[PDB]
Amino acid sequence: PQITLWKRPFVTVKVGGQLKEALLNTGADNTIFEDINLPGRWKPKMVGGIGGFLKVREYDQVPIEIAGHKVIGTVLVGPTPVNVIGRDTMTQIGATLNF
């Protein structure tokens, strides 16, 4: 797809097999979801740093599908105001900014 930016760029994403909405966010290093259940082993990760740090769960090599493109990526699980697709997942889908 070709996504213009007059509106916030939300997309439907299937993550480890469940349907969620998430923001395509070039200002975010990492992809993060709240309220999903991923199997297997995770590592705790400290993220953020403003006002303190946030603890989340890092899951590696998770299957993720966006606009019919199935890829594999690092997913963080933890609280977040909205779900975020960060640059980590954008490189896997082959997303560029163009102008």
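Note that residue numbering follows the sequence shown and begins at 1.
For the pair 85-93 and 5-13, the mean Cα B-factor is higher in 5-13.
Between 63-71 and 22-30, the higher mean Cα B-factor belongs to 63-71.
Compared with the other modelled residues of the chain, the Cα B-factor recorded for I50 ranks in the highest third. For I36, the recorded CA B-factor ranks within the highest third of the chain. Only modelled residues enter the ranking.
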